[PDB]
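Structure at a glance
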There are 4 protein chains.
Amino acid sequence: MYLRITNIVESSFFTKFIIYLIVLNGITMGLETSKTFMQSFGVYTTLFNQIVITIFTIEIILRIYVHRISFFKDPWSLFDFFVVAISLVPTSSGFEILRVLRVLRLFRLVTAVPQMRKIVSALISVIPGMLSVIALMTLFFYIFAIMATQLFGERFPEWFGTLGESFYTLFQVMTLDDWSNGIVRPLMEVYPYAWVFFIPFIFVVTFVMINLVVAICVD
Amino acid sequence: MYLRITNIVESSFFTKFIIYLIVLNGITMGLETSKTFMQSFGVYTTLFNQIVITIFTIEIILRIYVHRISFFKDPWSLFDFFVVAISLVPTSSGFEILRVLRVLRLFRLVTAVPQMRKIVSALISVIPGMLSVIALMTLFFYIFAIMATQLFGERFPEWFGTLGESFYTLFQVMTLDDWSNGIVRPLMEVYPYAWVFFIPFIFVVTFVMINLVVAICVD
Amino acid sequence: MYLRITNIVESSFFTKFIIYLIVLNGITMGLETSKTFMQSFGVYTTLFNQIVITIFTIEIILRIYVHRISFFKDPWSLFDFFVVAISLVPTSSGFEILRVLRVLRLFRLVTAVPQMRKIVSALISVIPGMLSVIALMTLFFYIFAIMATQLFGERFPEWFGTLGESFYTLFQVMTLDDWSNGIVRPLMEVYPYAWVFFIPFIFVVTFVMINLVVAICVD
Amino acid sequence: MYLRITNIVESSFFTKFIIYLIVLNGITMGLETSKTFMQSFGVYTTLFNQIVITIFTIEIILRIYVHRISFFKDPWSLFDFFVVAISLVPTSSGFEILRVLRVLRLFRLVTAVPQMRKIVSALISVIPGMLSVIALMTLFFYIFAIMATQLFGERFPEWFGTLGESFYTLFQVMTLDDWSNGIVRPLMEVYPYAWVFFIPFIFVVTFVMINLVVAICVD
Ligand SMILES: CCCCCCCCCCCCCC(=O)OC[C@H](COP(=O)(O)OCC[N+](C)(C)C)OC(=O)CCCCCCCCCCCCC
Ligand SMILES: CCCCCCCCCCCCCC(=O)OC[C@H](COP(=O)(O)OCC[N+](C)(C)C)OC(=O)CCCCCCCCCCCCC
Ligand SMILES: CCCCCCCCCCCCCC(=O)OC[C@H](COP(=O)(O)OCC[N+](C)(C)C)OC(=O)CCCCCCCCCCCCC
Ligand SMILES: CCCCCCCCCCCCCC(=O)OC[C@H](COP(=O)(O)OCC[N+](C)(C)C)OC(=O)CCCCCCCCCCCCC
Ligand SMILES: [Ca+2]
Ligand SMILES: [Ca+2]
Ligand SMILES: [Ca+2]
Ligand SMILES: [Ca+2]
Ligand SMILES: [Ca+2]
């Protein structure tokens, strides 16, 4: 039977059947958005939803026998596993994000279409040659975040009161989002020299990010 | 008579005449903006406005006798057709945006003058090498738009209460516009972990976009 | 006498004597900024200014004898000339920006120092390649600015009430500056479909702009 | 004794011992952020701090013997000196920023780990071929910062009342932060033509910055 299923699973129709479900269940989830639609077709969809989870667990179970250890060593497969696994955790007990994280399964469209896998892989492959910079930056943030917590969090504890808060605020300044009226102008009303802290920060963090981009435009 | 008009249509003077009307009718539409001007010389304008549309339909009719099927397989010719057609629909009545969409005829300046054509073509021609990425993103937005609608739309239904609104808000965050004081900081007053949702979103979307930019430079 | 002065003008002293005044007059203009400093040494620096203005006319005259027609065909000299003329229009009458345009002379440091000219020239020489795009865009803006004036101007005259206002607001949206909370969201409280107008606009304008940037990477 | 310590200092254990301290002290400085943690274990980690600071001077004192004048001509070594030296200035007197500047020691993880060193060097090495542009801009700013101080600082002293404030506001405009609603729309309520000052400014500064980035994708 091994070769029987290995011919069922490895079949085009099998694959094309899965993709057809994903696009369908994907459509169905944009409908579960409507409060109106749920009051008219909620059950239609909730069963349709419970159905697909099996078909996908059936699929994932087959796929494992046909592949054994080769499966748990495949990124795309591992993914599909974990995503389907999340959707298996019962509706009620635990966190309620798990109900929401179910929609992560639409990323199977990525996993189950080679044209997607290409672009995704092409993207990810750039990350290794960025880790040195990414590490640098994180170290940088961490140092400034600490300085900021102890420079401004007594008078400005919403923004800088905690090391985590400073991280977020510093992130916000790095995206250049409402950084002067929204953050540094207020701070100067108490700390006139705060610009000595945030302008260099902006220079460094911006410089780094141009390199990181230009780094990518070479490799 | 074919070869008569074929020489009229293909004549330079024909083209230059058209290009002259466009830059003329263009200047007219900018004057039609002044409420003062219209109280003064509106009639002068509005009739001059109808005239141009006739000439341009005459022209478009001629250009069809001289090209037949080759016409309706030409983007630029199709454009002009679909643009002139709009401006032919009477001033009435259901949607009055049609009166406004008339100004799209000034894009004939692009269509008639080469070099413009050149640049527009060079711009457009970059698009197909991006579609794989665009589709990836659109799928991304769709997934997060859904997660957001059901994570935040009950307390925050201006921003997230509907799939469309979430699309809009997620777009706004992608342009990095007022994203932290304007949207995520509020949201954290109720949902402290909302940064777990938007910081990753920002990273992905930003990352993706840098690649897309660089992807263009490859070509 | 021609060759006598032609040896004075061409002299390293003369040229460096000028650069020396510019750096001096520049320092003095930032000093003229301090309301306090003017109450102490205002008349010093007021004379010192007219002094430099003579020396600079004396120079520009000598420079003309030595170069004649060649001088009025030099960008840097033409500039230097025009920036000195502005500083000569009496400290009164007409407009009083002329008192302020006098600070434009410190751009002589760009002229009087090579390398600077190198960089300014390197920068400028990129423009001609851009003009096809810059024309396309300007035509683009002009079309959309019209549509906006006549779509939002009656209810939103501060932002769109006049062709110029719409130009200004569209620019502000192009820089992605407070475009959604500050403009489109208000607009949608009256015109729910306004997103149909500004999202495409942003896509275009951002797309076009990336290409233009990538154009300057064709070198 | 020279060769003895020249073999201790130059040892792998020495380096990996120092790095182990940094990552340890670095963790300790994030914990000194928690006001809670300090009412409990503040004493432990305050002593732990002076301990590391001794070890770091011992280490720095050694390293100088083994290197002499070669040490003071090492960027990376000079740094470590300066940063350890700052942590030496007594926890009193002068300013309290010195206490905060102590956290700069965590940059030793950069100085004392290669790859980091490599990455930091790669970044810094791009700077020299930017100095001309940086100089151009810094000159540009200065001219406009002056022009703005005297065009807007009487009516708008918070933003432009002083050369420095104009520098600050002009920087903020350069990062495109809340530039139109936050600064220029207000300004046009008194100075309708102020757009003639900030739009050209934005073009120039943006243009230049695209080149500076394009430069780094040449060199
Ligand atoms: C790794 C590369 C990046 C390097 C940059 C990192 C260092 C940045 C320096 C931070 C600038 C200071 C920011 C801020 O002003 O600090 C706030 C505190 C308190 O200022 P304070 O004047 O005491 O405020 C009065 C407090 N009050 C009203 C409640 C009585 O203290 C200050 O206000 C006191 C004023 C200090 C100004 C002089 C600081 C110069 C440091 C420049 C860089 C040092 C060498 C690396
Ligand atoms: C390419 C995909 C990668 C991108 C990431 C995918 C999505 C990540 C999940 C986003 C996190 C959601 C943030 C959350 O604050 O949203 C609101 C929910 C609502 O549930 P709720 O329990 O009502 O929140 C607290 C209730 N309250 C405010 C009334 C006290 O509040 C939450 O339930 C709070 C509890 C969440 C704890 C942390 C969640 C861990 C998820 C991290 C990533 C998941 C695996 C990839
Ligand atoms: C490169 C060229 C790209 C072309 C795209 C640019 C032109 C797109 C037009 C933008 C759509 C209209 C924007 C905005 O909604 O306009 C306002 C009008 C009037 O709104 P209205 O619904 O009359 O509400 C008035 C409310 N009241 C009575 C209380 C004052 O609102 C209209 O009623 C909207 C009604 C639906 C409009 C649908 C038009 C989309 C198709 C046009 C695109 C085809 C050619 C590209
Ligand atoms: C090499 C690169 C150089 C870059 C170009 C430099 C740009 C400089 C242009 C300055 C624009 C002026 C902005 C602003 O309007 O300045 C304020 C003045 C005075 O306004 P004002 O008319 O007195 O308003 C009334 C004041 N009130 C109510 C208190 C009585 O407003 C004046 O009335 C302005 C006069 C109308 C426009 C005349 C300026 C256009 C000249 C453009 C620059 C010449 C070539 C570089
Ligand atoms: Ca912003
Ligand atoms: Ca903003
Ligand atoms: Ca705001
Ligand atoms: Ca606000
Ligand atoms: Ca921005």
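Residues numbered from 1 in each chain as written, not as in the entry; some residues may be left out. Chains lettered and ligands numbered in written order. Heavy atoms only, no water.

Method of determination for the deposited model, per the PDB record: X-ray crystallography, at 2.750 Å resolution.

1. Section: the site of ligand 1
Which entries qualify depends on this criterion: A single heavy atom is enough: if one lies within 4 Å of a molecule or strand, its residue is considered near that molecule or strand. Each accessible area is a Shrake-Rupley estimate made with a 1.4 Å probe; only the visible protein chains count as cover when residues are assessed. Numbering goes from the N terminus for both helices and strands, where a helix is a DSSP run of H or I of at least four residues and a strand is a run of E of at least two. Residues are sorted three ways: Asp, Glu, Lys and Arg are charged, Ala, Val, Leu, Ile, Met, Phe, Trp, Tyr, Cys and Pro are nonpolar, and all the rest, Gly among them, are polar.
Close contacts around ligand 1 come from A:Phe144, A:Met147, A:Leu151, A:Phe152, A:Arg155, A:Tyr191, A:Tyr193, A:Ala194, A:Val196, D:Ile97, D:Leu101 and D:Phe107, and that covers them all. Taken together, the residues near ligand 1 originate from chains A and D. In the complex, the protein chains occlude 59% of the 1,000 Å² of accessible area that ligand 1 would expose alone. When contributions to the shell around ligand 1 are tallied by element, the ones reaching two or more residues are α8 (131–152) of chain A together with α5 (97–101) of chain D. Tallying contributions element by element places α8(A) first for the shell around ligand 1, with four residues. Of the residues contributing to the shell around ligand 1, the split by class is eleven nonpolar, no polar and one charged.

2. A few points about the interface of chain B and chain C
Where we set the bar: By the convention used here, residues are in contact when the closest approach between their heavy atoms is within 4.5 Å. Accessible area, probed at 1.4 Å, shrinks when two parts are joined; the buried area is that loss added up over both.
With 35 residues of chain B in contact, the opposing surface of chain C contributes 33 residues. Buried area between chain B and chain C, summed over both chains or domains, comes out near 2,900 Å², and the portion from carbon and sulfur atoms is 74%. Those elements giving two or more residues to the side of chain B that touches chain C turn out to be α2 (12–31), α5 (97–101), α6 (108–112), α7 (116–124), α9 (157–160), α10 (163–174), α11 (180–190) and α12 (194–218) of chain B. In terms of residue class, the side of chain B that touches chain C is made up of 24 nonpolar, seven polar and four charged.

3. Here we look at the interface of chain A and chain D
The cut-off we apply is this: Salt bridge criterion: a side-chain nitrogen from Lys or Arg within 4 Å of a carboxyl oxygen from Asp or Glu. Residues adjacent in sequence count toward polar contacts only when both atoms are side-chain atoms; beyond that, a polar contact is any pair of N or O atoms within 3.5 Å, and within protein one must be able to donate a hydrogen and the other to accept it.
On the side of chain D, 35 residues touch chain A, which itself brings 34 residues to the contact. At the boundary of chain A with chain D, total buried surface from both sides reaches about 2,900 Å², with 74% on carbon and sulfur atoms. Linking chain A to chain D there are zero salt bridges. Joining chain A to chain D, the criterion identifies eleven residue pairs in polar contact. Broken down by secondary-structure element, the contributors of at least two residues to the side of chain A that touches chain D are α8, α11 (180–190) and α12 (195–216) of chain A. With 13 residues, the single largest contributor to the side of chain A that touches chain D is α8(A). By residue class, the composition of the side of chain A that touches chain D is 24 nonpolar, six polar and four charged.

4. Side note on the pattern of salt bridges
Cut-off, in case you're wondering: Any residue under 20% of the maximum accessible area for its type is buried, any over 50% is exposed, and the rest in between are partly exposed; the area is computed with a 1.4 Å probe on protein chains only.
On inspection of all chains with the given rule, the structure shows 18 salt bridges over all chains. Among the salt bridges present, the one from C:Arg99 reaches C:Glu96, with a minimum N-O distance of 3.4 Å. With relative accessibility at 49%, the residue C:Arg99 sits in the partly exposed group. Residue classification places C:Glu96 among the partly exposed residues on the basis of a relative accessible area of 44%. Through salt bridges with shared partners, a single ionic network connects A:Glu59, A:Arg63, A:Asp80 and A:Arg108.

5. A few points about the UniProt feature "transmembrane region" (unreviewed entry) in chain A
All names here are of chain A. Note the threshold: UniProt positions are given in the numbering used here, feature names are shortened, and annotations may be inferred rather than shown by experiment.
Residues annotated by UniProt as "transmembrane region" (unreviewed entry) correspond here to residues 12–31, 43–66, 78–98, 119–147 and 193–218. End C-alpha to end C-alpha, residues 12–31 measures 29 Å, and it is 100% helix and 0% strand. Secondary structure content for residues 43–66 is 100% helix and 0% strand, and the end C-alpha separation is 35 Å.

6. A few points about the relation of the copies chain B and chain C
Convention followed: Alignment of copies: least-squares superposition, C-alpha atoms only.
Once chain B is rotated about the relating axis by 90 degrees and shifted along it by 0.0 Å, it coincides with chain C to within an RMSD of 0.3 Å. Accordingly, the operation relating the two chain copies is best matched by a four-fold axis. Residues of chain B ranked by C-alpha distance from the rotation axis are headed by B:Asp178, positioned 4.5 Å from it. Mapped onto chain C, only 6% of the interface residues of chain B again fall at the interface, so the copies present different surfaces.

7. What about the site of ligand 2?
Taken together, the residues surrounding ligand 2 are A:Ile97, B:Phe144, B:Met147, B:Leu151, B:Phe152, B:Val190, B:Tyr191, B:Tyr193, B:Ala194, B:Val196 and B:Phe197. At the site occupied by ligand 2, the surrounding residues belong to chains A and B. Here ligand 2, which alone exposes 1,000 Å², has 61% of that area covered by the protein. Elements with a minimum of two residues in the shell around ligand 2: α8 (131–152) and α12 of chain B. The element best represented in the shell around ligand 2 is α8(B), accounting for four residues. Among the residues forming the shell around ligand 2, the class breakdown is eleven nonpolar, no polar and no charged.

8. Regarding the environment of C:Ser166
Residue and element names in this part refer to chain C. For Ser-166, the location among the structural elements is in helix α10 (residues 163–174). Look at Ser-166 and you get buried, because its relative accessible area is 0%. Through-space distance from the C-alpha of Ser-166 to that of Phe-141 is 9.2 Å; in sequence the pair is 25 residues apart. If sequence neighbours within four positions are ignored, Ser-166 has contacts with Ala-145, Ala-148, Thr-149, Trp-159, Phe-160 and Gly-161.

9. Digging into the packing of helix α3 (residues 35–67) of chain D against helix α4 (residues 75–86) of chain D
Residue and element names in this part refer to chain D. Rules: For helices, the fitted line uses only the C-alpha atoms of the stretch in contact; every axis is such a line through C-alpha atoms, and the angle between N-to-C directions lies from 0 to 180 degrees. If you view the pair so one helix is near and one far, a crossing is left-handed when the near helix is turned anticlockwise from the far one by less than a right angle, and right-handed when it is turned clockwise.
With their axes 10 Å apart at the nearest point, α3 and α4 run at an angle of 145 degrees to one another. Here α3 runs over α4; the crossing is left-handed. Residues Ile-53, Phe-56, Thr-57, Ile-60 and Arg-63 of α3 pack against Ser-77, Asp-80, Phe-81 and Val-84 of α4. Its residues placed into classes, the contact of α3 with α4 shows five nonpolar, two polar and two charged.

10. Things to note about the packing of aromatic side chains
Residue and element names in this part refer to chain B. Inclusion rule: Put simply, two rings from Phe, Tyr or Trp (the six-membered ring, in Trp's case) pair if the centres are within 6.5 Å, and we call them stacked under 30 degrees between planes, edge-to-face over 60, tilted for the rest. Counted as over-ring charges are cases with an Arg CZ or a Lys NZ within 6 Å of the ring centre that also lie within 35 degrees of the ring normal.
Scanning the model with the defined rule gives 101 aromatic pairs over all chains in all. Ring plane angle 50 degrees and centroid distance 6.5 Å describe the contact between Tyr-142 and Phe-167, whose orientation is recorded as tilted. On the criterion of sequence distance, the pair formed by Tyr-142 in helix α8 and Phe-167 in helix α10 is long-range, its members being 25 residues apart. Residue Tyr-142 is classed as partly exposed on the basis of its relative accessible area, which comes to 22%. On the basis of relative accessibility, which here comes to 29%, the residue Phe-167 falls in the partly exposed class. Sitting over the ring of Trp-76, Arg-117 keeps its end group 4.2 Å from the ring centre.

11. Section: the relation of the copies chain A and chain D
Look at the two chain copies: a rotation about an axis and a shift along it is all it takes to match them. Of the two same-sequence chains, chain A is brought onto chain D (RMSD 0.2 Å, axial shift 0.0 Å) by a rotation of 90 degrees. Comparing interface residues between copies, only 9% of those in chain A also lie at the interface in chain D; the contact surfaces differ.

12. Thoughts on the packing of α10(B) against helix α11 (residues 180–190) of chain C
Put simply, the rule reads: Angle categories: roughly parallel below 35 degrees, roughly antiparallel above 145, roughly perpendicular from 65 to 115, and oblique for all the rest.
Contact pair α10(B) / α11(C): the axes reach a minimum separation of 12 Å and the direction vectors enclose 160 degrees. When the interaxial angle is binned, α10(B) and α11(C) end up roughly antiparallel. Judged by the sense of rotation from one axis to the other, the crossing of α10(B) with α11(C) is right-handed. Touching B:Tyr168, B:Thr169 and B:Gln172 of α10(B) are C:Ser180, C:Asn181, C:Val184, C:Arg185 and C:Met188, all from α11(C). Residues of the contact of α10(B) with α11(C), tallied by class, amount to three nonpolar, four polar and one charged.

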